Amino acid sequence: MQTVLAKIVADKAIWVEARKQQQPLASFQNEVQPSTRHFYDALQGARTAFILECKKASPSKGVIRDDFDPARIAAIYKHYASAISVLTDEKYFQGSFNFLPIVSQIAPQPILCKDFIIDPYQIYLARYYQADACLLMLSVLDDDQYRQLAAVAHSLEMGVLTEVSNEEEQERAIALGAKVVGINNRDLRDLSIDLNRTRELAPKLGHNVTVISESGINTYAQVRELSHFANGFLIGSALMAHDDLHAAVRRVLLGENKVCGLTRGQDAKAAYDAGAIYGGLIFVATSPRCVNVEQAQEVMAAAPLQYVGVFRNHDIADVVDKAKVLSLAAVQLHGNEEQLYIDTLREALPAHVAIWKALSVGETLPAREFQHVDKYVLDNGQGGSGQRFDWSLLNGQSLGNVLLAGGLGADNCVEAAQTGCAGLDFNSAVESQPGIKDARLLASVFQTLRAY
């Protein structure tokens, strides 16, 4: 039997041979000029770097994005990427060499041609289509084909992402002198994914090599953890599978953050611009930050956040109503709603609306045993217009559906982002007056969230 990789590469040869027939090298070689972008350079840097990928389908998921427009992807990715990867394999990824120029005209970063490069012709063609870098894979190439292909890339001032998938490959990489090595956590021979590839292999690479971790990277917590192993990430599926690209991006690069207690549209805008995923609207009568339906409608129209309505032991009918009318993405139960309520509520709310549960942490952490609860908000509660719970308490728990809250602000956002939760919930600490958000405090916390 043939692995999946062998099969893709056998098909690539056939694609290569036909393409040369249709566009012989002799017909354009002379006009191919070197790249004017600096791949190697954009990946070097203080900060962890991101190569965001434009991919329509994959061999292990099929069509990932029906909804496929390179130009529009490029338009969003440019606000956050260090480099942009564009798949050009047609058959298994549904990419095209024609997408390169499109992406290149819109985004200014170096553009990486992602494909199964087995013949120098592919490299000239990529350069011809504006690519500034190409992927070379040690699982497909022997040491002499690699030198040759890499010399060809370098001759066109293009950078190379040298891909390895195992220990033997990683050794060869050191030996061949690759400046940018990408650890592929997915093994294309059998489609299996294992982040440990990165954990075990990245450190041997050494300070002189820029190490990029590829595949299977879906959360901000995974990004914070792995950034101690690698200098950057190549991410694509996790983003492509989402309608809202901006949101998907920020979710992985910054976490699922929420800015709670919004009472003005400008603040919601401010939050959105800074990178927040969620905006909280507080329907608890008691709150100085409370809003009514009209006022909510106003806040909401200023920015495309995902709004969360905050209730406290509120009447179900009304909770449902506000959900329908405001088009809330979620409802956050901040009182003492027990399972029966959750269940009924669940039964009554439209299925697209999520249910979140807020819980207060004393000397001990409450349990998160509820059925029908999609997310939890842990805090030193009863609102507090105040200041923090014992974070050491979080160790030993699964935190993938937990948002951390309580006293979160500029001055402590670093530590908070390091606890390992899914996201952070900001409220009072980023305010100038209750319900009034300080745009500068906001920009400040979100800036910290990316400082890694």
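Don't overthink the numbering: it's just position in the shown sequence, from 1.
J.: Which has higher Cα B-factors on average according to the PDB entry: 291-299 or 129-137?
T.: According to the PDB entry, the answer is 291-299.
J.: Could you settle it for me: does 420-428 or 49-57 have the higher average Cα B factor in the PDB entry?
T.: If you average the C-alpha B-factors of 420-428 and of 49-57, the larger mean comes out for 420-428.
J.: Out of 335, 159, 275, 216, which one has a C-alpha B factor higher than all the others in the entry?
T.: The record points to 335.
J.: Looking at the C-alpha B-factor values in the deposited entry, which of 115, 169, 379, 243 comes out highest?
T.: The listed residue with the largest C-alpha B-factor is 243.
J.: Ranked by Cα temperature factor within the chain, is residue 312 in the lowest third, the middle third or the highest third?
T.: For residue 312, whose C-alpha B-factor we compare with every modelled residue in the chain, the answer is the lowest third.
J.: Report the third (lowest, middle or highest) to which the CA temperature factor of residue 436 belongs, ranking only the modelled residues of the same chain.
T.: Ranked within chain, residue 436 CA B lands in the highest tercile.
J.: Please rank the C-alpha B-factors of the chain's modelled residues and tell me whether residue 111 sits in the lowest, middle or highest third.
T.: It falls in the top third of the chain.
J.: Should residue 32 be placed in the lowest, middle or highest third of its chain by the C-alpha B factor in the entry?
T.: According to the entry, residue 32 has a C-alpha B-factor in the chain's lowest third.
J.: Can you tell me whether residue 443 has a C-alpha B-factor in the lowest, middle or highest third compared with the other modelled residues of the same chain?
T.: Residue 443: CA B-factor falls in the highest third of its chain.
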